[PDB]
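Trainee: This one is run26.pdb, PDB, C-alpha atoms and all ligand atoms.
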ATOM      1  CA  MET A   1    -160.399-294.021 205.996  1.00  0.00           C
ATOM      2  CA  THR A   2    -157.292-291.948 206.618  1.00  0.00           C
ATOM      3  CA  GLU A   3    -157.966-288.306 205.748  1.00  0.00           C
ATOM      4  CA  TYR A   4    -155.202-285.889 204.763  1.00  0.00           C
ATOM      5  CA  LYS A   5    -156.209-282.217 204.834  1.00  0.00           C
ATOM      6  CA  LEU A   6    -153.962-280.594 202.203  1.00  0.00           C
ATOM      7  CA  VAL A   7    -153.974-276.823 201.659  1.00  0.00           C
ATOM      8  CA  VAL A   8    -152.823-275.068 198.469  1.00  0.00           C
ATOM      9  CA  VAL A   9    -151.641-271.505 199.175  1.00  0.00           C
ATOM     10  CA  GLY A  10    -149.957-269.023 196.897  1.00  0.00           C
ATOM     11  CA  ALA A  11    -150.124-265.665 195.173  1.00  0.00           C
ATOM     12  CA  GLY A  12    -153.048-264.901 192.861  1.00  0.00           C
ATOM     13  CA  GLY A  13    -152.861-266.656 189.508  1.00  0.00           C
ATOM     14  CA  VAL A  14    -149.862-268.893 190.273  1.00  0.00           C
ATOM     15  CA  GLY A  15    -151.836-271.998 189.350  1.00  0.00           C
ATOM     16  CA  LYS A  16    -153.172-273.215 192.702  1.00  0.00           C
ATOM     17  CA  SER A  17    -156.554-274.166 191.216  1.00  0.00           C
ATOM     18  CA  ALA A  18    -155.123-275.526 187.954  1.00  0.00           C
ATOM     19  CA  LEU A  19    -152.820-277.852 189.884  1.00  0.00           C
ATOM     20  CA  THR A  20    -155.712-279.177 191.952  1.00  0.00           C
ATOM     21  CA  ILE A  21    -158.027-279.705 188.982  1.00  0.00           C
ATOM     22  CA  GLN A  22    -155.277-281.444 187.019  1.00  0.00           C
ATOM     23  CA  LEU A  23    -154.780-283.879 189.907  1.00  0.00           C
ATOM     24  CA  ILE A  24    -158.481-284.633 190.390  1.00  0.00           C
ATOM     25  CA  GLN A  25    -160.161-284.097 187.015  1.00  0.00           C
ATOM     26  CA  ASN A  26    -157.134-284.852 184.794  1.00  0.00           C
ATOM     27  CA  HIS A  27    -157.472-281.739 182.680  1.00  0.00           C
ATOM     28  CA  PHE A  28    -155.808-278.347 182.448  1.00  0.00           C
ATOM     29  CA  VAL A  29    -158.112-275.372 182.937  1.00  0.00           C
ATOM     30  CA  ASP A  30    -156.440-272.620 180.897  1.00  0.00           C
ATOM     31  CA  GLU A  31    -159.026-270.149 182.024  1.00  0.00           C
ATOM     32  CA  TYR A  32    -159.391-267.134 184.282  1.00  0.00           C
ATOM     33  CA  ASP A  33    -161.458-268.373 187.244  1.00  0.00           C
ATOM     34  CA  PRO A  34    -160.126-266.801 190.458  1.00  0.00           C
ATOM     35  CA  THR A  35    -160.825-268.804 193.587  1.00  0.00           C
ATOM     36  CA  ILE A  36    -162.336-267.535 196.806  1.00  0.00           C
ATOM     37  CA  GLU A  37    -162.161-270.892 198.587  1.00  0.00           C
ATOM     38  CA  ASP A  38    -162.926-274.287 197.011  1.00  0.00           C
ATOM     39  CA  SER A  39    -162.846-277.781 198.482  1.00  0.00           C
ATOM     40  CA  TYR A  40    -162.185-281.135 196.806  1.00  0.00           C
ATOM     41  CA  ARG A  41    -162.421-284.593 198.392  1.00  0.00           C
ATOM     42  CA  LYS A  42    -161.209-287.652 196.523  1.00  0.00           C
ATOM     43  CA  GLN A  43    -160.474-291.249 197.572  1.00  0.00           C
ATOM     44  CA  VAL A  44    -157.041-292.364 196.386  1.00  0.00           C
ATOM     45  CA  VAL A  45    -154.541-295.133 196.970  1.00  0.00           C
ATOM     46  CA  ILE A  46    -150.995-293.907 197.670  1.00  0.00           C
ATOM     47  CA  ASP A  47    -148.266-296.462 198.304  1.00  0.00           C
ATOM     48  CA  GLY A  48    -151.010-299.018 198.880  1.00  0.00           C
ATOM     49  CA  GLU A  49    -152.815-297.020 201.566  1.00  0.00           C
ATOM     50  CA  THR A  50    -156.391-296.123 200.826  1.00  0.00           C
ATOM     51  CA  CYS A  51    -156.879-292.542 201.911  1.00  0.00           C
ATOM     52  CA  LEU A  52    -159.021-289.480 201.307  1.00  0.00           C
ATOM     53  CA  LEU A  53    -157.489-286.184 200.281  1.00  0.00           C
ATOM     54  CA  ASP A  54    -159.525-283.273 201.591  1.00  0.00           C
ATOM     55  CA  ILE A  55    -157.945-280.443 199.606  1.00  0.00           C
ATOM     56  CA  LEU A  56    -158.682-276.769 200.213  1.00  0.00           C
ATOM     57  CA  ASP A  57    -157.911-274.541 197.241  1.00  0.00           C
ATOM     58  CA  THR A  58    -157.465-271.074 198.727  1.00  0.00           C
ATOM     59  CA  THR A  59    -157.267-267.666 197.061  1.00  0.00           C
ATOM     60  CA  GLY A  60    -154.329-265.335 196.589  1.00  0.00           C
ATOM     61  CA  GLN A  61    -156.478-262.210 196.970  1.00  0.00           C
ATOM     62  CA  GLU A  62    -155.028-259.956 199.660  1.00  0.00           C
ATOM     63  CA  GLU A  63    -158.586-258.952 200.587  1.00  0.00           C
ATOM     64  CA  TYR A  64    -159.226-262.478 201.908  1.00  0.00           C
ATOM     65  CA  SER A  65    -156.501-263.146 204.481  1.00  0.00           C
ATOM     66  CA  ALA A  66    -158.633-263.881 207.572  1.00  0.00           C
ATOM     67  CA  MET A  67    -160.724-266.494 205.747  1.00  0.00           C
ATOM     68  CA  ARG A  68    -157.412-267.963 204.620  1.00  0.00           C
ATOM     69  CA  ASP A  69    -156.200-268.170 208.237  1.00  0.00           C
ATOM     70  CA  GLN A  70    -159.430-269.886 209.271  1.00  0.00           C
ATOM     71  CA  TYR A  71    -159.107-272.513 206.553  1.00  0.00           C
ATOM     72  CA  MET A  72    -155.314-272.684 206.891  1.00  0.00           C
ATOM     73  CA  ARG A  73    -155.601-273.518 210.610  1.00  0.00           C
ATOM     74  CA  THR A  74    -157.026-276.918 209.569  1.00  0.00           C
ATOM     75  CA  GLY A  75    -154.202-277.932 207.287  1.00  0.00           C
ATOM     76  CA  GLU A  76    -152.060-280.968 207.891  1.00  0.00           C
ATOM     77  CA  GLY A  77    -149.864-280.253 204.894  1.00  0.00           C
ATOM     78  CA  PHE A  78    -149.360-277.243 202.698  1.00  0.00           C
ATOM     79  CA  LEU A  79    -148.387-276.653 199.091  1.00  0.00           C
ATOM     80  CA  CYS A  80    -146.793-273.224 198.859  1.00  0.00           C
ATOM     81  CA  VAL A  81    -147.052-272.351 195.182  1.00  0.00           C
ATOM     82  CA  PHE A  82    -145.282-269.706 193.163  1.00  0.00           C
ATOM     83  CA  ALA A  83    -144.923-269.490 189.376  1.00  0.00           C
ATOM     84  CA  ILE A  84    -141.459-269.869 187.822  1.00  0.00           C
ATOM     85  CA  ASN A  85    -142.213-266.854 185.561  1.00  0.00           C
ATOM     86  CA  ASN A  86    -143.442-264.429 188.264  1.00  0.00           C
ATOM     87  CA  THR A  87    -140.689-263.246 190.588  1.00  0.00           C
ATOM     88  CA  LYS A  88    -143.218-261.401 192.783  1.00  0.00           C
ATOM     89  CA  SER A  89    -145.011-264.684 193.552  1.00  0.00           C
ATOM     90  CA  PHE A  90    -141.649-266.205 194.483  1.00  0.00           C
ATOM     91  CA  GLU A  91    -141.082-263.181 196.728  1.00  0.00           C
ATOM     92  CA  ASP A  92    -144.529-263.594 198.321  1.00  0.00           C
ATOM     93  CA  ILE A  93    -143.605-267.172 199.272  1.00  0.00           C
ATOM     94  CA  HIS A  94    -141.940-265.946 202.465  1.00  0.00           C
ATOM     95  CA  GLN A  95    -145.128-264.206 203.614  1.00  0.00           C
ATOM     96  CA  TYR A  96    -147.177-267.377 203.088  1.00  0.00           C
ATOM     97  CA  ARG A  97    -144.673-269.622 204.880  1.00  0.00           C
ATOM     98  CA  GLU A  98    -144.758-267.284 207.898  1.00  0.00           C
ATOM     99  CA  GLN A  99    -148.529-266.814 207.984  1.00  0.00           C
ATOM    100  CA  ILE A 100    -148.713-270.613 207.872  1.00  0.00           C
ATOM    101  CA  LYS A 101    -146.404-271.033 210.898  1.00  0.00           C
ATOM    102  CA  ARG A 102    -148.168-268.447 213.066  1.00  0.00           C
ATOM    103  CA  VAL A 103    -151.542-270.020 212.220  1.00  0.00           C
ATOM    104  CA  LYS A 104    -150.252-273.550 212.848  1.00  0.00           C
ATOM    105  CA  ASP A 105    -148.030-272.675 215.860  1.00  0.00           C
ATOM    106  CA  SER A 106    -145.192-274.680 214.382  1.00  0.00           C
ATOM    107  CA  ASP A 107    -141.898-274.399 212.575  1.00  0.00           C
ATOM    108  CA  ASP A 108    -141.757-277.849 210.912  1.00  0.00           C
ATOM    109  CA  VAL A 109    -145.340-278.315 209.593  1.00  0.00           C
ATOM    110  CA  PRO A 110    -145.526-280.551 206.467  1.00  0.00           C
ATOM    111  CA  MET A 111    -144.954-278.511 203.346  1.00  0.00           C
ATOM    112  CA  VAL A 112    -143.678-278.526 199.758  1.00  0.00           C
ATOM    113  CA  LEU A 113    -142.333-275.565 197.818  1.00  0.00           C
ATOM    114  CA  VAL A 114    -143.905-275.714 194.336  1.00  0.00           C
ATOM    115  CA  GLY A 115    -142.565-273.889 191.319  1.00  0.00           C
ATOM    116  CA  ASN A 116    -145.462-274.072 188.934  1.00  0.00           C
ATOM    117  CA  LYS A 117    -145.675-273.439 185.195  1.00  0.00           C
ATOM    118  CA  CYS A 118    -142.327-275.124 184.392  1.00  0.00           C
ATOM    119  CA  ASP A 119    -143.740-275.612 180.901  1.00  0.00           C
ATOM    120  CA  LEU A 120    -143.256-271.889 180.337  1.00  0.00           C
ATOM    121  CA  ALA A 121    -140.076-270.465 178.854  1.00  0.00           C
ATOM    122  CA  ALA A 122    -140.147-266.951 180.366  1.00  0.00           C
ATOM    123  CA  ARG A 123    -138.602-268.398 183.523  1.00  0.00           C
ATOM    124  CA  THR A 124    -137.582-265.536 185.778  1.00  0.00           C
ATOM    125  CA  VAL A 125    -136.907-267.681 188.863  1.00  0.00           C
ATOM    126  CA  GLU A 126    -133.989-270.058 188.470  1.00  0.00           C
ATOM    127  CA  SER A 127    -134.431-273.501 190.045  1.00  0.00           C
ATOM    128  CA  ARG A 128    -131.226-273.113 192.074  1.00  0.00           C
ATOM    129  CA  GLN A 129    -132.816-270.217 193.978  1.00  0.00           C
ATOM    130  CA  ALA A 130    -135.924-272.127 195.003  1.00  0.00           C
ATOM    131  CA  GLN A 131    -133.807-275.161 195.918  1.00  0.00           C
ATOM    132  CA  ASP A 132    -131.785-272.981 198.299  1.00  0.00           C
ATOM    133  CA  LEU A 133    -134.996-271.559 199.746  1.00  0.00           C
ATOM    134  CA  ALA A 134    -136.525-275.000 200.159  1.00  0.00           C
ATOM    135  CA  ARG A 135    -133.240-276.115 201.705  1.00  0.00           C
ATOM    136  CA  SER A 136    -133.387-273.277 204.253  1.00  0.00           C
ATOM    137  CA  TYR A 137    -136.905-274.389 205.156  1.00  0.00           C
ATOM    138  CA  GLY A 138    -136.066-278.060 205.461  1.00  0.00           C
ATOM    139  CA  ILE A 139    -138.846-278.870 202.977  1.00  0.00           C
ATOM    140  CA  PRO A 140    -138.771-280.348 199.473  1.00  0.00           C
ATOM    141  CA  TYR A 141    -138.863-278.333 196.262  1.00  0.00           C
ATOM    142  CA  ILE A 142    -140.859-279.695 193.311  1.00  0.00           C
ATOM    143  CA  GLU A 143    -141.428-278.048 189.945  1.00  0.00           C
ATOM    144  CA  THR A 144    -144.801-278.516 188.310  1.00  0.00           C
ATOM    145  CA  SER A 145    -146.647-277.968 185.082  1.00  0.00           C
ATOM    146  CA  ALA A 146    -150.406-277.942 185.590  1.00  0.00           C
ATOM    147  CA  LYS A 147    -150.592-277.602 181.806  1.00  0.00           C
ATOM    148  CA  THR A 148    -148.631-280.795 181.107  1.00  0.00           C
ATOM    149  CA  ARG A 149    -149.414-282.541 184.438  1.00  0.00           C
ATOM    150  CA  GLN A 150    -145.681-282.997 185.047  1.00  0.00           C
ATOM    151  CA  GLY A 151    -144.753-283.091 188.736  1.00  0.00           C
ATOM    152  CA  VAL A 152    -148.378-282.646 189.810  1.00  0.00           C
ATOM    153  CA  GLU A 153    -148.914-286.089 191.322  1.00  0.00           C
ATOM    154  CA  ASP A 154    -145.345-285.907 192.658  1.00  0.00           C
ATOM    155  CA  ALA A 155    -146.023-282.743 194.598  1.00  0.00           C
ATOM    156  CA  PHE A 156    -149.252-283.788 196.295  1.00  0.00           C
ATOM    157  CA  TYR A 157    -148.040-287.318 197.006  1.00  0.00           C
ATOM    158  CA  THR A 158    -144.793-285.987 198.505  1.00  0.00           C
ATOM    159  CA  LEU A 159    -146.855-283.797 200.846  1.00  0.00           C
ATOM    160  CA  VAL A 160    -148.898-286.852 201.870  1.00  0.00           C
ATOM    161  CA  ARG A 161    -145.645-288.618 202.757  1.00  0.00           C
ATOM    162  CA  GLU A 162    -144.283-285.553 204.532  1.00  0.00           C
ATOM    163  CA  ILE A 163    -147.434-285.827 206.671  1.00  0.00           C
ATOM    164  CA  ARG A 164    -147.118-289.543 207.453  1.00  0.00           C
ATOM    165  CA  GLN A 165    -143.488-289.032 208.533  1.00  0.00           C
ATOM    166  CA  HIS A 166    -144.102-285.940 210.735  1.00  0.00           C
TER     167      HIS A 166
HETATM  168  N1  LIG B   1    -148.480-272.495 181.296  1.00  0.00           N
HETATM  169  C1  LIG B   1    -149.151-272.730 182.440  1.00  0.00           C
HETATM  170  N2  LIG B   1    -150.165-271.942 182.794  1.00  0.00           N
HETATM  171  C2  LIG B   1    -150.724-272.330 183.967  1.00  0.00           C
HETATM  172  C3  LIG B   1    -150.352-273.390 184.775  1.00  0.00           C
HETATM  173  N3  LIG B   1    -151.171-273.461 185.895  1.00  0.00           N
HETATM  174  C4  LIG B   1    -151.992-272.464 185.745  1.00  0.00           C
HETATM  175  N4  LIG B   1    -151.782-271.720 184.607  1.00  0.00           N
HETATM  176  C5  LIG B   1    -152.591-270.573 184.178  1.00  0.00           C
HETATM  177  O1  LIG B   1    -152.455-269.468 185.059  1.00  0.00           O
HETATM  178  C6  LIG B   1    -153.768-268.873 185.330  1.00  0.00           C
HETATM  179  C7  LIG B   1    -154.152-268.964 186.806  1.00  0.00           C
HETATM  180  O2  LIG B   1    -154.469-270.315 187.181  1.00  0.00           O
HETATM  181  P1  LIG B   1    -155.244-270.574 188.519  1.00  0.00           P
HETATM  182  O3  LIG B   1    -155.222-272.052 188.712  1.00  0.00           O
HETATM  183  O4  LIG B   1    -156.548-269.904 188.361  1.00  0.00           O
HETATM  184  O5  LIG B   1    -154.397-269.853 189.581  1.00  0.00           O
HETATM  185  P2  LIG B   1    -154.767-269.614 191.052  1.00  0.00           P
HETATM  186  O6  LIG B   1    -153.478-269.593 191.800  1.00  0.00           O
HETATM  187  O7  LIG B   1    -155.700-270.688 191.463  1.00  0.00           O
HETATM  188  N5  LIG B   1    -155.529-268.214 191.120  1.00  0.00           N
HETATM  189  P3  LIG B   1    -156.281-267.565 192.376  1.00  0.00           P
HETATM  190  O8  LIG B   1    -155.235-267.237 193.407  1.00  0.00           O
HETATM  191  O9  LIG B   1    -156.777-266.199 191.970  1.00  0.00           O
HETATM  192  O10 LIG B   1    -157.363-268.521 192.778  1.00  0.00           O
HETATM  193  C8  LIG B   1    -154.754-269.581 184.406  1.00  0.00           C
HETATM  194  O11 LIG B   1    -154.833-268.909 183.165  1.00  0.00           O
HETATM  195  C9  LIG B   1    -154.086-270.936 184.239  1.00  0.00           C
HETATM  196  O12 LIG B   1    -154.552-271.615 183.092  1.00  0.00           O
HETATM  197  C10 LIG B   1    -149.268-274.218 184.391  1.00  0.00           C
HETATM  198  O13 LIG B   1    -148.799-275.214 184.966  1.00  0.00           O
HETATM  199  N6  LIG B   1    -148.715-273.805 183.185  1.00  0.00           N
HETATM  200 MG    MG B   2    -157.785-270.473 192.267  1.00  0.00          MG
END
Re-express the file's structure as C-alpha cells.

Mentor:
Amino acid sequence: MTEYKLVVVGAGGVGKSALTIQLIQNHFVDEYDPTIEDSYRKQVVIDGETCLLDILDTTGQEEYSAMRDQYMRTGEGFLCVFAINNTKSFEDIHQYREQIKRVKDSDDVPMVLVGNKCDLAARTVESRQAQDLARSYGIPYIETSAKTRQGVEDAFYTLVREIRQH
C-alpha cells in the first residue's frame, strides 16, 4: 500500500515519543524514557485511503545529530515539535527546520509546526507567536496534548495530506 515516511523531530523531552505512542497505542506515557531512535509502522485509513505510516521517532539529544540526519534524509513529512511551556524548545525549532532543509535539499518539504502539551497551564509560548512562525514557513501550526490526545490525530493526518498535495 501507500507508505508515508513521517519523522518526528524536536528538542529533548518536548513529547515527540508521547505523541507517537498516543496515536498508535492510544495511551499517554507519562514517563521518562528518552529516545535514541524508534520506528513504528501502522496500517491506517485516512480519508478512505488505506496507507501505512512508517514513523521515525527521533531523539532531541545534541550528541546524536548525524544519526538524526541519516534518518531525517528519508522523511517525506516532518513534525517539528516544541512544548508550549518550554521557550528554549520553541527557540530550537529554527535549528531543526534548517537542518531538515539542508538534509532534504528543499525549502517546501511537507511539515507541521506542533506546539505540544497544550494541556499544561504554564504556557510560556503564546499561540500567536507560533502561528506567525508557521505563517513565515508556509506550513500549518497545530497545538497538541499527548496527555489528552487532543490535536494528535489532527497533526499527523494533516502532515499526510501535506504530503499528498506536495
Ligand atoms: N502534560 C503533558 N506532558 C507531556 C505531553 N507529552 C509528553 N509529556 C511529558 O513530557 C516528557 C517527555 O516526553 P517524551 O515523549 O519522552 O519526549 P521526547 O520528545 O520523546 N523526548 P526525547 O527527545 O528525549 O526522546 C514525559 O514525561 C511525558 O510524559 C503532553 O502532551 N502533555
Ligand atoms: Mg522520545

Trainee: Can you measure CA of residue 55 (chain A) to CA of residue 129 (chain A) for me? One decimal in Å is fine.

Mentor: 27.7 Å

Trainee: Rank A:30, A:98, A:49, A:105 by their smallest atom-to-atom distance to residue 1 (chain A), using all atoms listed in the file, and report the top residue only.

Mentor: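 That would be A:49, the residue with the smallest distance to residue 1 (chain A).
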
Trainee: Hey, what comes out of the PyMOL selection byres (((chain A and resi 41) around 10) and not hetatm) on this file? Could you write it as a PyMOL selection string?

Mentor: chain A and resi 3-5+24+39-40+42-44+52-56

Trainee: Could you work out an axis-aligned box for region 144-151 of chain A, taking every atom the file lists and adding 6 Å on each side, and report centre and edge lengths in Å to one decimal, as JSON?

Mentor:
{"center_x": -147.7, "center_y": -280.3, "center_z": 184.9, "size_x": 17.8, "size_y": 17.5, "size_z": 19.6}

Trainee: Kindly indicate which residue among A:153, A:37, A:69, A:31 lies nearest to residue 57 (chain A), using all atoms listed in the file for the distances.

Mentor: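 Smallest distance to residue 57 (chain A) is found for A:37.
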
Trainee: Quick one: region 110-122 of chain A with N, CA and C atoms, as a PDB file, in the coordinates of the input?

Mentor:
ATOM      1  N   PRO A 110    -145.781-279.980 207.800  1.00  0.00           N
ATOM      2  CA  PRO A 110    -145.526-280.551 206.467  1.00  0.00           C
ATOM      3  C   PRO A 110    -145.763-279.529 205.365  1.00  0.00           C
ATOM      4  N   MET A 111    -144.920-279.575 204.337  1.00  0.00           N
ATOM      5  CA  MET A 111    -144.954-278.511 203.346  1.00  0.00           C
ATOM      6  C   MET A 111    -144.032-278.838 202.176  1.00  0.00           C
ATOM      7  N   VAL A 112    -144.465-278.435 200.981  1.00  0.00           N
ATOM      8  CA  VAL A 112    -143.678-278.526 199.758  1.00  0.00           C
ATOM      9  C   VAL A 112    -143.636-277.149 199.103  1.00  0.00           C
ATOM     10  N   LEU A 113    -142.447-276.717 198.700  1.00  0.00           N
ATOM     11  CA  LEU A 113    -142.333-275.565 197.818  1.00  0.00           C
ATOM     12  C   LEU A 113    -142.586-276.016 196.381  1.00  0.00           C
ATOM     13  N   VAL A 114    -143.488-275.321 195.680  1.00  0.00           N
ATOM     14  CA  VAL A 114    -143.905-275.714 194.336  1.00  0.00           C
ATOM     15  C   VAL A 114    -143.621-274.578 193.367  1.00  0.00           C
ATOM     16  N   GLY A 115    -142.821-274.865 192.351  1.00  0.00           N
ATOM     17  CA  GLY A 115    -142.565-273.889 191.319  1.00  0.00           C
ATOM     18  C   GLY A 115    -143.389-274.239 190.107  1.00  0.00           C
ATOM     19  N   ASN A 116    -144.558-273.623 189.974  1.00  0.00           N
ATOM     20  CA  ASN A 116    -145.462-274.072 188.934  1.00  0.00           C
ATOM     21  C   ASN A 116    -145.080-273.475 187.587  1.00  0.00           C
ATOM     22  N   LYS A 117    -145.737-273.980 186.544  1.00  0.00           N
ATOM     23  CA  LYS A 117    -145.675-273.439 185.195  1.00  0.00           C
ATOM     24  C   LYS A 117    -144.343-273.731 184.518  1.00  0.00           C
ATOM     25  N   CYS A 118    -143.625-274.767 184.967  1.00  0.00           N
ATOM     26  CA  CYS A 118    -142.327-275.124 184.392  1.00  0.00           C
ATOM     27  C   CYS A 118    -142.399-275.474 182.910  1.00  0.00           C
ATOM     28  N   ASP A 119    -143.605-275.522 182.347  1.00  0.00           N
ATOM     29  CA  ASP A 119    -143.740-275.612 180.901  1.00  0.00           C
ATOM     30  C   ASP A 119    -143.408-274.297 180.225  1.00  0.00           C
ATOM     31  N   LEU A 120    -143.504-273.186 180.942  1.00  0.00           N
ATOM     32  CA  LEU A 120    -143.256-271.889 180.337  1.00  0.00           C
ATOM     33  C   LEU A 120    -141.765-271.668 180.135  1.00  0.00           C
ATOM     34  N   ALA A 121    -141.455-270.783 179.195  1.00  0.00           N
ATOM     35  CA  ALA A 121    -140.076-270.465 178.854  1.00  0.00           C
ATOM     36  C   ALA A 121    -139.591-269.171 179.479  1.00  0.00           C
ATOM     37  N   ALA A 122    -140.494-268.225 179.748  1.00  0.00           N
ATOM     38  CA  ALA A 122    -140.147-266.951 180.366  1.00  0.00           C
ATOM     39  C   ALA A 122    -139.830-267.118 181.846  1.00  0.00           C
TER      40      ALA A 122
END
